[PDB]
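Participant: Right, I'll just put the structure down here and ask away after.
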Protein chains: 2
Amino acid sequence: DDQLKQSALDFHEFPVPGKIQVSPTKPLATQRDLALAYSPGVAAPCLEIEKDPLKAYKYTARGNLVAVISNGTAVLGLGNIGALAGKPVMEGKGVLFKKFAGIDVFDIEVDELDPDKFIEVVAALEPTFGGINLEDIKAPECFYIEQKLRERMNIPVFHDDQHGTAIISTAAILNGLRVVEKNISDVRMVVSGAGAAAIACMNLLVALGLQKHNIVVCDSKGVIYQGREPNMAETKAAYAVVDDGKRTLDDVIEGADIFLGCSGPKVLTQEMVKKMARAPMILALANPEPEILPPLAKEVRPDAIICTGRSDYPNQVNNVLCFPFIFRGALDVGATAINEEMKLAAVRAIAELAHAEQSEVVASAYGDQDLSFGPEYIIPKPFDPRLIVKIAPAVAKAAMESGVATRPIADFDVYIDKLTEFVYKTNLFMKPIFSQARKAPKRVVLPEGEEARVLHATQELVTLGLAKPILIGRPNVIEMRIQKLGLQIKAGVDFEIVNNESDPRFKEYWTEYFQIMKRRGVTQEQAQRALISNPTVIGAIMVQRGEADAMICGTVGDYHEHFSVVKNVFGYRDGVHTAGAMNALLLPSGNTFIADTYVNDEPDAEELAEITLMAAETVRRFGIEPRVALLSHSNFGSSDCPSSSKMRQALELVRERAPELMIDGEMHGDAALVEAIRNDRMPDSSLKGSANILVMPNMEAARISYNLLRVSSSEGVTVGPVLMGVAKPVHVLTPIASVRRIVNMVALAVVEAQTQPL
Amino acid sequence: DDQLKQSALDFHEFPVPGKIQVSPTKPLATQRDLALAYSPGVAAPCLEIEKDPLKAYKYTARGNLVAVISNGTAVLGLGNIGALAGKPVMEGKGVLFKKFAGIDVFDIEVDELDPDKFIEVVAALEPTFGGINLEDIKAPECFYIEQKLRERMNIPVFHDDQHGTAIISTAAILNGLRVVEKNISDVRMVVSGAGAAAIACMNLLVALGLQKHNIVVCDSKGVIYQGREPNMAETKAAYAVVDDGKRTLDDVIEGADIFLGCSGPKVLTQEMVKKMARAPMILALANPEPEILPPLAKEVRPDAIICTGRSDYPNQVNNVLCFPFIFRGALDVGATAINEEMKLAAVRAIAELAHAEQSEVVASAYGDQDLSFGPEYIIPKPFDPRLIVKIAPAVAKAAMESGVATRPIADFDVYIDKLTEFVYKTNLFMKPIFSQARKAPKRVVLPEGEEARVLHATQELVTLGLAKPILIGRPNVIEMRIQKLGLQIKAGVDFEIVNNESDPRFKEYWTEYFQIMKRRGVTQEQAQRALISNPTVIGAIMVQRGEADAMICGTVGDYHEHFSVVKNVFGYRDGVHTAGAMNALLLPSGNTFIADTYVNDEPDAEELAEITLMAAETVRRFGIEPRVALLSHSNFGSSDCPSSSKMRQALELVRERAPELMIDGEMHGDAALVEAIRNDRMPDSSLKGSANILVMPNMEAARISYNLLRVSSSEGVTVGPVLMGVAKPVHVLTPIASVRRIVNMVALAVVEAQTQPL
Ligand SMILES: NC(=O)c1ccc[n+]([C@@H]2O[C@H](COP(=O)([O-])OP(=O)(O)OC[C@H]3O[C@@H](n4cnc5c(N)ncnc54)[C@H](OP(=O)(O)O)[C@@H]3O)[C@@H](O)[C@H]2O)c1
Ligand SMILES: NC(=O)c1ccc[n+]([C@@H]2O[C@H](COP(=O)([O-])OP(=O)(O)OC[C@H]3O[C@@H](n4cnc5c(N)ncnc54)[C@H](OP(=O)(O)O)[C@@H]3O)[C@@H](O)[C@H]2O)c1
Ligand SMILES: [Mg+2]
Ligand SMILES: [Mg+2]
């Protein structure tokens, strides 16, 4: 399992230990700032906090900061490895808190494992945190410890999964009963494996208006019903049905309606599902192996409402569904705790979303969302731009309804505006591209097949099933390099090799190249020499003929050495007379794209307009709404240089061609990126918020800005340089492109070849 | 005290609460990265940690992370305000940990104030932190609590000041005994006010090889000596001298040699100092009021060795002296605790530094270091580029000598290299400029005297005593704007006003302007109209005549509208035929300067060489070693455009003019900023490390890059645009310049006017 075991063992800790880096969000680059932070000047915020404790969440963390406080006794799915020893998956849980909702997580881990001193230590560390994210407290001391801890602090004491997925689970129940046009009054339930996140879930499920006598709790030891054991089990006898001689699970169905269970191995069978009433609602939430094998049961019976917790299938129950967003409702409302109305109004938001999901800048191409409410869609997919702006305000609204909050939110229009603004700056458009490429792999030429980076990328693409690689190079050198690198790919089995020499199609290749380039300075002998010594020409001829769907070159040599071949063979797209390369950056303002960093040295107004339109179309296909800003050293007519006049001409041309495109210019970079500066300068600007597409006057400015920002102000690699305006799918990369860049660009080329590769 | 009370009450929390922002130091902008951080992929680091606890500091925080763990019982100098209520000055102490040494600080605050349960909670939270920074534990439970806590954890349990300043204090003692050519064997001591950081200091002071009988401990209740109280005070009777009838402090001197004391109000007098032996060594460390009033005692007796803890005078004892750097020695060595050899070898480093301080890129101009070892120099100044690379390796070396560490450092050449690399990226060149301007204020014209920003900057400059402002505007409008803004400045009292109309020197001003511009298109009537409607012309004529020393314009209008006036009046500098504007950025690689962002639209090779030389000279004057890199879209001859050829010509010209300047090009921005890319491309490059001066081919590229980086990748404002090549000190700013920018630029102009303002 080294393709996952070793790959995950290769953990991103190498630059600086720990995914979290406690760092100043404020400037600390001047003695004034340092004195404001540790010298007289920092005594004032502390004194103001001491005067009235109302200022605790304001001047410090503890506003956005949760602490996933743990004794390391059930580390996600690991168990009792320890507080300090739990740090890997501790940080793994804490990193999908900031990543998806911007939750600060102090990964402080309580070393006290006793079920009564652990609470003492946690309550001791209460003032550090504005809401604890109690996780890895194991069963049965999870319920005991959480019950003890809820009653002490005056700040949101919200456990993990124990409170947890009940919101997602009960939302899924509310939607599933909607699917089969049933009612909560008469629904019957079957629960198996009363574990940490299982036995506490029906308690919420009851809160919807559910009678206790309809729930049948079970564990490893048969069925937990009143009459089975002389000593009635706590928190389970309320639901416990009268004794009726039902000792086996295969008969206790009697036409039930729900299978809410968060446990381990399988307990349900196909005949068990058959004994269920009409329209079964199996909800097997087991992560290792689904308790019903959904394909088998669906072949046994149709119209299934099977719900799981794995992302391979729709209706996935992750923590990111509401946990970061619960605290985005819990901490951002000022609550002193989380009630059951908190836990139930957020049920009415994510359940509402599944049958009220639409628009939200669907990826015009790529992605392949194809999400409609029904038997295969009960709750939204794990990651959603409004999984926040619907669930977090639900929790806050429940906070004010419960009257337990200390900082009630004002008019929700402003709250929704800020939440959506935060939404724009965090997008993961590459995951839909990977998903869409995986369901229809195409043949991609990699002309630099002997490169170590290209070989690693080939291994990754074979593993993820994104493409059918076609390497170009000497098979001997490729094989020895593969063996030395340690890869598990083989010729023919995983990737096709095209030998640059002794190619059986040599005659038909150089002939086509000559017929393309006979009147462009290439003789027949030069064509023959190019189809043996220029792998880019071989790949381009392969793609043009039809033996491959896309090409990914550029990892060797200069950009234009490959782009000239690409343009000569494929040509320009229909209705397009220019090409441009778009580079993506993850700035603090969000995903930003810089247009024509590589192709045109000094584009003119018409070329700039074409590049702007192509960049907007490409960014639209990513699922991001294009917000273009033409950049210059002049701010809205400040200078009369030919460059600024060219930018204004391009703006007019773009407005002519695409009246619906949000674009403005020419302006400065800060005016484009921050809205306050632009509003001060141009209050009537057609550009709203931060611009995500930056069109530059010349290639020098674009390249210098991108190179400086990538090493200074950038998080990770997504795509770039995305070549636009060529007839066939091909992306010329750079010699310093990483393996991740190559894999992402190959996936993008595969998805573009799924859309008429011409 | 509102100029400090309100100003410090205006705390930098407005954008995001809390100086610390627990944020991913790793990219989290892709589903791959999110799964690596919270999904299967983060289970691997945690499992590897659990397998062997040796991986705790490696995959997470707890390597660089201290937690200043507190019950909020003595918050720096505040007291027992509370754990959560101590958050302001808690974060103030935690912010001068990351700011000066890059120490992560989890500001977790223990709510348990009992002297025996506090330790229980702290030991419970031990696995979260790789070394605790116990602070705000009050006396006498500070000593008790620290003594209890030292013996439990197997990770560095290093208290604050209690262990603390002993390193700096005993280093100061070691240097002071060097100053007066005495020996530790026969030195006598007087201690007053045995407080939290006082009674624990002589314990280290003994460890140098000091006899216990030479120390005389005292408190508020007279003198703590053996025979005074029937019950002998603990930790003080070892030093306690035999009873001799000495009941008053004014006589217990008998020619002593040290006054080590960390207490409150004054106890020592002038006749007390006279009773001291030859060459007194008073070391009054009281922060509110010095215990001796050093000027008065120095007038009473010469050759004083007075040492205080305030930064207004040399030999300041701050936490930044060694505390962040102790943990930079403690945590970065893998120790399980801090011994007394840790606490004593770091005494031999900072004490060594004071008499071994030299070079280290002294600010060629500005700054005014003027630091020589002697009676007024015992220990280095609070902030020093090698206060780290000498003290932290001292603590690590003491760790290996004590044999208590778990990750001993390899060959110290690599350690010193990394430490110096970290040193380059954190510089505070503006503090020396502020210090040098304050000791010689000059007259600075502010032609836009009616601007709210300029008025705020004028208030700041009057308060700090950096300049003698000369505002230009209507006195009526200026006064009403001052009253509305709430400032406490008055005309004549604090700043001079020059009325643009009805100026008594109108005739002599427009006459000089006409004589300058008579053959440049300006008539006598146009000169008269300019000296009434153009404040920049008035300020420039003022500076040229000699009635003012510097000008700071540009807060209104276009840059070149002011630069044309500046160039026409003052002209170019001697031997200089071009001007350029340098803008400063605080990048992750350090302070970076971009050359000619405002003046020359398309400079040629000679202009580029002149701009490069002027920028290097200016950066040298800041105290930073210039590392220039000429930027282009071509990487070392990749492209043959006229721009890249011009950059290469400029490189050759610069190498001719300044053979000692470290410069290379032309290259890409990433090649300039990160050394790995450059070494891959040009292994023999003359540029080492990251380039701090970036010279751009044209003004469009420079301006776009600076504008994008300032809003994306930048911490704070220092200076910019710094105008170079004009005869007299003047800086044209931008209309969006903040008050801090104006104050910094005025201070820079003041310091430049101290250096022959012509
Ligand atoms: N959101 C998610 O996707 C998510 C979140 C959390 C957990 N989970 C899944 O839930 C399970 C454990 O999570 P947890 O920590 O909440 O619970 P847990 O504390 O691990 O307990 C699991 C329970 O399952 C029962 N069990 C074990 N083997 C069984 C068998 N052969 N037949 C019947 N019952 C059996 C045990 O009950 P007895 O003590 O009576 O044996 C045990 O208490 C794992 O499968 C995990 O992947 C999924
Ligand atoms: N690095 C620095 O610059 C630095 C660091 C820490 C502290 N300090 C200074 O040290 C002082 C307190 O710091 P701390 O927390 O370490 O100590 P602390 O716990 O505040 O105790 C101060 C001690 O001074 C004594 N005292 C008070 N008034 C006195 C008087 N009139 N005459 C004689 N003794 C008197 C008291 O002793 P009794 O209990 O016997 O009255 C008290 O225990 C402040 O002045 C503070 O600024 C400076
Ligand atoms: Mg967990
Ligand atoms: Mg303190």
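Scheme for the structure tokens: letters A, B, ... for chains in order shown; per-chain residue numbers from 1; ligand numbers from 1 in order shown.
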Which protein, DNA or RNA residues have an atom within 7 Å of ligand 4, counting only C-alpha atoms and all ligand atoms, as a ChimeraX atom specification?

Facilitator: /B:74-77,135-136

Participant: Give me a file of those residues, with C-alpha atoms, as a compact mmCIF listing (two decimals), in the first residue's frame.

Facilitator:
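The new file out02.txt reads:
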# COMPACT_ATOMS: atom_id res chain seq x y z
CA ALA B 74 1.90 38.90 37.85
CA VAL B 75 1.32 39.98 34.25
CA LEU B 76 4.68 41.48 33.30
CA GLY B 77 4.31 44.44 35.64
CA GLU B 135 5.29 33.83 33.29
CA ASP B 136 2.89 35.84 35.46

Participant: Collect all residues with atoms no farther than 7 Å from ligand 2, counting only C-alpha atoms and all ligand atoms, and output them as a PDB file with C-alpha atoms, in the first residue's frame.

Facilitator:
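Listed below is the output, selection39.pdb:
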ATOM      1  CA  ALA B  74       1.903  38.902  37.849  1.00  0.00           C
ATOM      2  CA  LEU B  76       4.684  41.478  33.302  1.00  0.00           C
ATOM      3  CA  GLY B  77       4.314  44.436  35.640  1.00  0.00           C
ATOM      4  CA  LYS B 138       3.424  35.766  41.178  1.00  0.00           C
ATOM      5  CA  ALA B 139       5.590  35.894  44.276  1.00  0.00           C
ATOM      6  CA  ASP B 161      12.138  36.354  34.869  1.00  0.00           C
ATOM      7  CA  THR B 165      17.271  38.079  33.525  1.00  0.00           C
ATOM      8  CA  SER B 192      17.203  45.598  48.026  1.00  0.00           C
ATOM      9  CA  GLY B 193      13.577  44.588  47.588  1.00  0.00           C
ATOM     10  CA  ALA B 194      13.726  40.787  47.347  1.00  0.00           C
ATOM     11  CA  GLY B 195      10.900  40.425  44.850  1.00  0.00           C
ATOM     12  CA  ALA B 196       9.993  37.919  42.147  1.00  0.00           C
ATOM     13  CA  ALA B 197      12.954  38.600  39.843  1.00  0.00           C
ATOM     14  CA  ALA B 198      15.285  39.859  42.602  1.00  0.00           C
ATOM     15  CA  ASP B 219      13.739  43.653  51.672  1.00  0.00           C
ATOM     16  CA  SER B 220      11.223  46.295  52.718  1.00  0.00           C
ATOM     17  CA  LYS B 221      11.794  45.222  56.344  1.00  0.00           C
ATOM     18  CA  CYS B 262      15.106  44.067  40.905  1.00  0.00           C
ATOM     19  CA  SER B 263      12.524  45.905  42.991  1.00  0.00           C
ATOM     20  CA  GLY B 264      10.293  48.972  43.082  1.00  0.00           C
ATOM     21  CA  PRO B 265      11.003  52.436  44.461  1.00  0.00           C
ATOM     22  CA  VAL B 267      16.313  52.753  48.396  1.00  0.00           C
ATOM     23  CA  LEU B 285      17.255  47.704  37.774  1.00  0.00           C
ATOM     24  CA  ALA B 286      13.999  49.431  38.763  1.00  0.00           C
ATOM     25  CA  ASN B 287      11.866  50.120  35.677  1.00  0.00           C
ATOM     26  CA  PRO B 288       9.389  52.774  36.954  1.00  0.00           C
ATOM     27  CA  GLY B 309      16.638  47.933  32.579  1.00  0.00           C
ATOM     28  CA  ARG B 310      15.198  50.802  30.541  1.00  0.00           C
ATOM     29  CA  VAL B 317      17.975  44.219  30.257  1.00  0.00           C
ATOM     30  CA  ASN B 318      14.975  43.140  28.187  1.00  0.00           C
ATOM     31  CA  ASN B 319      13.505  39.677  27.668  1.00  0.00           C
TER      32      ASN B 319
END

Participant: Need to verify the contact set: residue 681 (chain B), 12 Å, only C-alpha atoms, exclusion of same-chain residues closer than 5 positions in sequence. Can you return it as an mmCIF file with N, CA and C atoms, in the first residue's frame?

Facilitator:
data_model
loop_
_atom_site.group_PDB
_atom_site.id
_atom_site.type_symbol
_atom_site.label_atom_id
_atom_site.label_comp_id
_atom_site.auth_asym_id
_atom_site.auth_seq_id
_atom_site.Cartn_x
_atom_site.Cartn_y
_atom_site.Cartn_z
ATOM 1 N N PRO A 735 10.723 24.499 -17.133
ATOM 2 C CA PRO A 735 11.687 23.496 -16.654
ATOM 3 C C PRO A 735 11.717 23.334 -15.144
ATOM 4 N N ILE A 736 11.203 24.299 -14.380
ATOM 5 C CA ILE A 736 11.180 24.205 -12.927
ATOM 6 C C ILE A 736 9.830 23.725 -12.407
ATOM 7 N N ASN B 635 15.919 34.787 -18.221
ATOM 8 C CA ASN B 635 16.781 34.243 -17.176
ATOM 9 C C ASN B 635 18.176 34.050 -17.756
ATOM 10 N N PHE B 636 19.055 35.022 -17.512
ATOM 11 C CA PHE B 636 20.461 34.954 -17.908
ATOM 12 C C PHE B 636 20.607 34.698 -19.410
ATOM 13 N N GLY B 637 20.119 35.651 -20.198
ATOM 14 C CA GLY B 637 20.276 35.593 -21.636
ATOM 15 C C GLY B 637 19.262 34.753 -22.375
ATOM 16 N N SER B 638 18.162 34.364 -21.728
ATOM 17 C CA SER B 638 17.161 33.540 -22.397
ATOM 18 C C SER B 638 16.538 34.270 -23.577
ATOM 19 N N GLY B 665 22.577 39.401 -12.686
ATOM 20 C CA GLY B 665 21.431 39.519 -13.560
ATOM 21 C C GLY B 665 21.843 39.295 -14.997
ATOM 22 N N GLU B 666 20.852 39.375 -15.878
ATOM 23 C CA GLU B 666 19.464 39.560 -15.487
ATOM 24 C C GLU B 666 18.828 38.200 -15.231
ATOM 25 N N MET B 667 17.887 38.147 -14.296
ATOM 26 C CA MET B 667 17.281 36.888 -13.899
ATOM 27 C C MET B 667 15.803 37.110 -13.625
ATOM 28 N N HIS B 668 15.128 36.030 -13.253
ATOM 29 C CA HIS B 668 13.728 36.071 -12.881
ATOM 30 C C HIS B 668 13.579 36.482 -11.417
ATOM 31 N N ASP B 670 11.864 34.891 -9.024
ATOM 32 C CA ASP B 670 12.064 33.755 -8.132
ATOM 33 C C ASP B 670 13.538 33.386 -8.030
ATOM 34 N N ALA B 671 14.271 33.457 -9.141
ATOM 35 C CA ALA B 671 15.709 33.221 -9.085
ATOM 36 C C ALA B 671 16.403 34.240 -8.195
ATOM 37 N N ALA B 672 15.940 35.490 -8.216
ATOM 38 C CA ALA B 672 16.530 36.515 -7.364
ATOM 39 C C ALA B 672 16.196 36.286 -5.897
ATOM 40 N N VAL B 674 14.853 33.413 -4.187
ATOM 41 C CA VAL B 674 15.219 32.139 -3.575
ATOM 42 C C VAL B 674 16.530 31.668 -4.191
ATOM 43 N N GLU B 675 17.456 31.242 -3.330
ATOM 44 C CA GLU B 675 18.805 30.893 -3.757
ATOM 45 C C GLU B 675 18.877 29.534 -4.437
ATOM 46 N N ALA B 676 17.961 28.617 -4.119
ATOM 47 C CA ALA B 676 18.001 27.295 -4.736
ATOM 48 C C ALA B 676 17.780 27.376 -6.241
#

Participant: Can you check which residues of region 289-472 of chain A DSSP gives as helix (DSSP H, G or I) on the backbone and send them as a ChimeraX atom specification?

Facilitator: /A:294-300,323-333,342-345,347-354,391-402,412-424,430-438,452-464

Participant: Skip residue 148 (chain A) itself and residues of its chain fewer than 4 positions away, then list as a PyMOL selection string all residues within 10 Å of it, counting only C-alpha atoms.

Facilitator: chain A and resi 115-116+119-120+142-144+152

Participant: With only C-alpha atoms and all ligand atoms counted and 12 Å as the cut-off, give the residues of chain B in contact with ligand 3, each with its shortest interatomic distance in Å and the pair that gives it, as CSV.

Facilitator:
residue,atom,partner,partner_atom_place_in_ligand_line,distance
B:38,CA,ligand 3,1 (Mg),9.8
B:39,CA,ligand 3,1 (Mg),10.5
B:40,CA,ligand 3,1 (Mg),11.8
B:42,CA,ligand 3,1 (Mg),11.8
B:43,CA,ligand 3,1 (Mg),10.6

Participant: Here is a test: counting only C-alpha atoms, which residue of A:507, A:301, A:710, A:529 is nearest to chain B?

Facilitator: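 Looking at the shortest contact to chain B, the residue is A:710.
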
Participant: So which residues of region 445-690 of chain B fall under strand (DSSP E) by DSSP, listed as a PyMOL selection string?

Facilitator: chain B and resi 445-446+467-472+496-498+550-553+580-587+590-595+627-631+662-667

Participant: Looking at only C-alpha atoms and all ligand atoms, which of A:526, A:70, A:308, A:203 is the one that sits closest to ligand 1?

Facilitator: A:308

Participant: For a quick check of understanding, using only C-alpha atoms, which of A:669, A:380, A:590, A:757 has the smallest distance to chain B?

Facilitator: A:669

Participant: For a quick check of understanding, using only C-alpha atoms, which of A:425, A:481, A:182, A:188 has the smallest distance to chain B?

Facilitator: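 Selected residue with least distance to chain B: A:425.
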
Participant: Show me, as a ChimeraX atom specification, the residues that have an atom within 12 Å of residue 280 (chain B) when counting only C-alpha atoms, minus same-chain residues fewer than 5 positions from it.

Facilitator: /B:176-177,179-180,182,187-190,253-259,270,272-275,297-298,300-307,375

Participant: Tell me, as a list in words, which residues lie within 9 Å of residue 610 (chain A), counting only C-alpha atoms; anything in the same chain fewer than 6 positions away does not count.

Facilitator: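 Contacts, with the query itself left out: residues 576, 577, 578, 579, 580, 650, 653, 654 and 725 of chain A.
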
Participant: Mind dumping the selected residues with N, CA and C atoms as a tab-separated table (two decimals), in the first residue's frame?

Facilitator:
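Final output, saved to selection-v8.tsv:
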chain	number	residue	atom	x	y	z
A	576	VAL	N	-10.08	32.99	-33.24
A	576	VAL	CA	-9.05	33.48	-32.33
A	576	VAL	C	-7.77	33.67	-33.12
A	577	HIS	N	-7.14	34.83	-32.97
A	577	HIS	CA	-5.92	35.17	-33.69
A	577	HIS	C	-4.73	35.39	-32.76
A	578	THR	N	-4.85	35.02	-31.48
A	578	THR	CA	-3.77	35.22	-30.53
A	578	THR	C	-3.78	34.08	-29.53
A	579	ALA	N	-2.66	33.93	-28.82
A	579	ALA	CA	-2.55	32.96	-27.75
A	579	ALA	C	-2.00	33.64	-26.51
A	580	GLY	N	-2.35	33.10	-25.35
A	580	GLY	CA	-1.87	33.64	-24.09
A	580	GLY	C	-1.73	32.53	-23.08
A	650	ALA	N	-8.16	48.27	-25.01
A	650	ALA	CA	-8.52	46.89	-24.75
A	650	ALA	C	-9.77	46.80	-23.88
A	653	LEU	N	-12.72	47.48	-26.13
A	653	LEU	CA	-12.97	46.33	-27.00
A	653	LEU	C	-13.63	45.19	-26.24
A	654	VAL	N	-13.15	44.90	-25.03
A	654	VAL	CA	-13.74	43.83	-24.23
A	654	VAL	C	-15.18	44.16	-23.88
A	725	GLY	N	-5.99	29.58	-26.71
A	725	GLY	CA	-6.00	30.05	-28.08
A	725	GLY	C	-5.41	29.11	-29.10
